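Undergrad: The structure's right below; bear with me while I get my questions together.
Protein chains: 2
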Amino acid sequence: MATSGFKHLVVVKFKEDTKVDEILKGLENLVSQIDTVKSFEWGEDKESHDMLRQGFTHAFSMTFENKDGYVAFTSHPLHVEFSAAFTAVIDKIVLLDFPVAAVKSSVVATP
Amino acid sequence: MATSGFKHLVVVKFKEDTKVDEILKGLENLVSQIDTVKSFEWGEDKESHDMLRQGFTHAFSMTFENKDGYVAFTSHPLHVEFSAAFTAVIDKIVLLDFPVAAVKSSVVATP
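Structure follows, in structure tokens:
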């Protein structure tokens, strides 16, 4: 529905030895696509407890201002070449995407 | 490490009939804890493709300004009573929590 913000998330595990930090240099490059300041991307490693770490290893939270950022990120050759390796460097790929409505912030509740 | 923002996420599936919208009224109440404006919570339903929907059904993205929001949300009786039902109303519970550093936004890459 892309009501407001659009979110894409990937959860992965490594079997070769995912160099997340060397990959991080890619993200810095990947951010290159944020010239449109209408796109977002963050990174996370499972720095919690095995029971809360879901067991994976790291994920990427990509949020866009709207569908324009989504077609933009793909309209470049930097995501294709990177996506191919993103696999070669992963053991499993899981992704959840859904429409985010920055409104839940409701400090009011009906009786 | 809680370097900057702290994220907690839950992925779940329903077997009884998770009324996410009636639950949403709870979130509006849950937001009540955001009087400290140092806490965050959003909601999402798998409105994508079975292959991208991960198959679950809905998740909650709770982010805090720092550890103070994390001890705050629990320092209230609204999360306990709600958490008990959060289960009674769920079929499976999965959660990933990790330190988020709002800095990845790097539009520069070394040669």
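Chains as they are written, first to last, in full-length UniProt numbering: chain R, 1 to 111; chain P, 1 to 111.
C-beta: ideal position from N, C-alpha, C; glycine also.
1) What runs of the beta strand (DSSP E), each 3 residues or longer, lie entirely inside the UniProt domain "Stress-response A/B barrel" (6–98) of chain P?
2) Below 8 Å on the Cβ atoms is my guess for residue 141 of chain R versus P/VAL107; work out the distance and round it to an integer in Å.
3) Quick one: is P/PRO77 near chain R, going by C-beta distance under 8 Å?
4) Per DSSP, which residues does P/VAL100 bridge with? Please list them.
5) Whole angstroms is fine: what's the gap from P/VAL12's alpha carbon to P/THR87's?
6) Less than 8 Å between the C-beta atoms of R/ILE93 and R/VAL37, yes or no?
7) Contact criterion: CB-CB distance below 8 Å. Does P/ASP45 meet it with respect to chain R?
8) Since P/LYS25 meets chain R, which of its residues come closer than 7 Å, beta carbon to beta carbon?
9) Measuring alpha carbon to alpha carbon, tell me which residue in P/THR63, P/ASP21 and P/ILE34 is nearest P/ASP45.
10) Does R/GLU22 come within less than 8 Å of chain P when only Cβ atoms are used?
11) To the nearest angstrom, how far is the alpha carbon of R/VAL89 from that of R/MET62?
12) Nearest to P/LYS7 by CA position, among P/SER105, P/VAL80, P/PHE64 and P/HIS79, is which residue?
13) Can you list, in chain order, the residues of the segment 26–37 of chain R whose Cβ is nearer than 8 Å to any Cβ on chain P?
14) Can the beta-carbon of P/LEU95 be found less than 8 Å from the beta-carbon of R/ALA59?
TA: In this structure, then:
1) The UniProt domain "Stress-response A/B barrel" (6–98) of chain P is shown to contain whole beta strand (DSSP E) runs of 3 or more residues at 39–45 and 58–64, in chain order.
2) Look at the range of chain R in this structure, 1 to 111, and you will see that residue 141 of chain R is not part of it.
3) For the purposes of this step, residue 77 of chain P is identified with residue 77 of the second sequence, where counting begins at 1. No, no contact with chain R.
4) For the purposes of this step, residue 100 of chain P is taken as the residue at position 100 of the second sequence. DSSP, once it has assigned bridges, lists P/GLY5 as partnering P/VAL100.
5) Residue numbering aside, residue 12 of chain P sits at position 12 when the second sequence is read from its first letter. Residue numbering aside, residue 87 of chain P sits at position 87 when the second sequence is read from its first letter. Roughly 10 Å between the two C-alpha positions.
6) In the first sequence, residue 93 of chain R corresponds to position 93, counting from 1. In the first sequence, residue 37 of chain R corresponds to position 37, counting from 1. No.
7) Looking up residue 45 of chain P in the second sequence gives position 45. Taking Cβ atoms only, chain R reaches closer than 8 Å to P/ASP45, which makes this a yes.
8) As a first step, residue 25 of chain P must be located in the second sequence, where it is residue number 25. The answer, in chain order, is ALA109.
9) By 1-based counting over the second sequence, the position of residue 45 of chain P is 45. Nearest of P/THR63, P/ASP21 and P/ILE34 to P/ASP45, Cα basis: P/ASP21.
10) Against the first sequence, residue 22 of chain R aligns to sequence position 22. Not an interface residue.
11) Residue numbering aside, residue 89 of chain R sits at position 89 when the first sequence is read from its first letter. Residue numbering aside, residue 62 of chain R sits at position 62 when the first sequence is read from its first letter. Between R/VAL89 and R/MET62, the C-alpha separation is close to 19 Å.
12) Translated into positions along the second sequence, residue 7 of chain P becomes position 7. The shortest Cα separation from P/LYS7 among P/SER105, P/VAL80, P/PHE64 and P/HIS79 belongs to P/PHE64.
13) Of all residues in the segment 26–37 of chain R, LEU27, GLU28, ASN29, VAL31, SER32, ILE34 and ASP35 have a Cβ within less than 8 Å of some Cβ in chain P.
14) Taking the second sequence and counting its residues from 1, one reaches residue 95 of chain P at position 95. Taking the first sequence and counting its residues from 1, one reaches residue 59 of chain R at position 59. No, they are not a contact pair.
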